[PDB]
Amino acid sequence: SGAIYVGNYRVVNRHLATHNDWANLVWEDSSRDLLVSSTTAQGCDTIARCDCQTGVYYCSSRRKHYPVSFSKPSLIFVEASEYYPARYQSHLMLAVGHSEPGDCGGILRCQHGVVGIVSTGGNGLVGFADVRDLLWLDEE
Ligand SMILES: Cn1cc(N)c(C(=O)NC2CCC2)n1
Ligand SMILES: [Zn+2]
């Protein structure tokens with residue numbers, strides 16, 4: 001589990017979105033495993049605006065933050081998961097590291113702020129759904 005809280009927006013894995021998230025929907029994309037809902041209170045997180053390929057992610061299944069190198073966001077075949085079938089996921093960044101399904105929502109962060117959230121795992125890789133292209137998260 002986990003979310004990004006930026007202004008009056010809550011960014012979560014689409015597959016972990018609650019009824020309240022869907023009832024307060026701003027934007028969603030199945031291909032990116034992302035959903036954004038509205039919040040009453042303003043949020044503590046800042047979104048990176050950058051093309052960093054190094055950062056740190058939070059891994060709940062280890063209670064640890066790990067520094068990683070990661071690929072630029074791309075369209076990638078992902079094998080079947082407990083919450084999704086084998087499919088292509090877009091805006092996906094991969095790093096060598098530990099990921100289990102419940103790690104989804106862990107933040108990846110660079111010097112510029114929040115890069116993305118844990119979305120995929122298996123075969124020694126961790127995949128992150130990029131948010132840095134979502135410029136509209138910064139306003140309105
Ligand atoms: C976040 N996420 C989605 C997954 N499917 C996995 C995953 O397959 N985890 C295993 C543990 C050895 C890789 N992790
Ligand atoms: Zn950065």
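FYI, the numbering just counts along the sequence from 1. Order of appearance sets the numbers: ligands from 1, and atoms from 1 within every ligand.
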**OP:** For the residue pair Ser37 and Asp21, confirm or rule out a side-chain donor-acceptor distance under 3.5 Å.
**Re:** yes
Original post:
Using a heavy-atom cut-off of under 4.0 Å, does the side chain or the backbone of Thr120 touch ligand 1, or both, or neither?
Top reply: backbone
**OP:** Under the side chain to side chain donor-acceptor pair (under 3.5 Å) rule, what do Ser61 and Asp103 come out as? Steps first, then yes or no, please.
**Re:** CA-CA 6 Å; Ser61 69; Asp103 287 325; 2.7 Å; yes
**OP:** Consider ligand 1: state whether an atom of it lies below 4.0 angstrom from any non-hydrogen atom of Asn123.
**Re:** yes
Original post:
Looking at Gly122, which atoms of ligand 1 are within less than 4.0 Å of one of its heavy atoms?
Top reply: 6 (C), 7 (C), 8 (O), 9 (N), 10 (C), 13 (C), 14 (N)
Subject >> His112 ND1 and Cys52 SG subtending at the Zn ion (ligand 2) (10° steps) >> reply: 100°
Original post:
Under a 4.0 Å N-O cut-off, is there an ion pair linking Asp133 with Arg32?
Top reply: yes
Original post:
Does the N or O separation between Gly121 and ligand 1 drop below 3.5 Å for any pair?
Top reply: yes
**OP:** Might you work through the side-chain contact (heavy atoms from CB on, under 4.5 Å) test for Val131 and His91, ending with a clear yes or no?
**Re:** CA-CA 8 Å; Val131 298; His91 303 259; over 6 Å; no
Original post:
Any side-chain donor-acceptor pair under 3.5 Å between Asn20 and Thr18?
Top reply: no
Original post:
Is there a heavy atom in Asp103 that sits closer than 4.0 Å to ligand 1?
Top reply: no
Subject >> Protein heavy-atom partner closest to atom 1 (C) of ligand 1 - residue, atom, separation in Å >> reply: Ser99 OG, 2.5 Å
**OP:** Could you tell me whether the side chains of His98 and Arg62 share a donor-acceptor contact shorter than 3.5 Å?
**Re:** yes
Original post:
Can an N or O of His98 be found at a distance shorter than 3.5 Å from an N or O of ligand 1?
Top reply: no
Original post:
Is a side-chain donor-acceptor pair under 3.5 Å present for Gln89 with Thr120?
Top reply: no
Original post:
Counting only heavy atoms, which portion of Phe128 has something under 4.0 Å from ligand 1: side chain, backbone, both, or neither?
Top reply: neither
